[PDB]
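Tertiary structure, described
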Amino acid sequence: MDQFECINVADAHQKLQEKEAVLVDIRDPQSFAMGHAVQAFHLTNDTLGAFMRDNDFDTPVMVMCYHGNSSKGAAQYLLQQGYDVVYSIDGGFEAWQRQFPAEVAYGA
Ligand code: NA
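The rules behind each value
Residues numbered from 1 in each chain as written, not as in the entry; some residues may be left out. Heavy atoms only, no water. Helix = DSSP H or I, 4+ residues; strand = E, 2+ residues; numbered from the N terminus. Rg over C-alpha atoms; globule rule 2.2 N^0.38 Å. Contact = heavy atoms within 4.5 Å. Donors = N, O, S within 2.8 Å, 3.2 Å for Na, K, Ca; no water. Buried < 20%, exposed > 50% of the residue type's maximum accessible area, 1.4 Å probe, protein only. Pairing = 2+ DSSP bridges. Right-handed = clockwise from strand over helix to strand, strands pointing away.

Deposited coordinates in this entry are attributed by the record to X-ray crystallography, at a stated resolution of 1.8 Å.

Thoughts on the overall build of the protein chain
Counting its secondary structure elements, the protein chain contains five helices and seven strands. For the protein chain, the sequential pattern of α-helices and β-strands runs β-α-β-α-β-β-α-β-α-β-α-β. Against the 2.2 N^0.38 benchmark of 13 Å for 108 residues, the protein chain shows a C-alpha radius of gyration of 12 Å, consistent with a compact globule. Once the C-alpha set of the protein chain is aligned to its principal axes, its extents read approximately 35 × 25 × 25 Å. Partitioning the contacts of the protein chain with sequence separation of at least 6, the portion at a separation of at least 24 is 71%.

What to know about the coordination of the sodium ion
Every protein donor of the sodium ion is accounted for by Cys65 (SG), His67 (N), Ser70 (N) and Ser70 (OG), and the metal-donor separations fall at 2.8 to 3.1 Å. Read N to C, the donor residues that coordinate the sodium ion are spaced as C-x1-H-x2-S. Since its relative accessible area comes to 39%, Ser70 is described here as partly exposed.

Side note on the pairing of strand 5 (residues 61-64)
Of the two faces of strand 5, the one holding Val61 and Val63 and the one holding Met62 and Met64 are both buried throughout. Note that strand 2 (residues 22-25) and strand 5 share four bridges and pair parallel. Residue pairing for strand 5: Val24 is matched across the bridge by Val63. When strand 5 meets strand 6 (residues 86-89), the two strands line up parallel, connected through three bridges. Each bridged residue has a counterpart across the sheet, and for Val61 the counterpart in strand 6 is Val86. Between the parallel elements strand 5 and strand 6, the chain passes through helix 4 (residues 70-81) in a crossover that is right-handed.

Structural notes on the pairing of strand 2
Summarising the sheet, strand 2 and strand 4 (residues 41-42) pair through two bridges and their orientation is parallel. Directly across from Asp25, in strand 4, lies its bridge partner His42.

Quick look at the structure:
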């Protein structure tokens with residue numbers, strides 16, 4: 001569709017466990033290596049090209065950032081590129097680590 005939706009980390013974790021959506025983390029590389037959701041793909045300007053060749057526009061994509069704010073602009077951007085199903089995770093990594101502390105990974 002032509003709008004994205006904001007979802008909470010419990011909802012995102014369920015879509016992930018169900019293999020219904022992919023998770024992309026748009027934080028800087030240092031922040032990403034210091035700890036990120038298991039299974040998140042590090043999506044930056046430099047990795048965008050690859051991401052799009054690898055994930056069709058019909059793939060639900062959930063976007064995670066620092067606190068749930070920048071993921072909005074990034075989600076809208078992905079819609080503009082042709083992605084139809086895009087979400088922004090309210091609370092960002094902070095909420096994810098709080099709710100699912102055992103599901104954090106380190107490094108790239
Ligand atoms: Na943010």
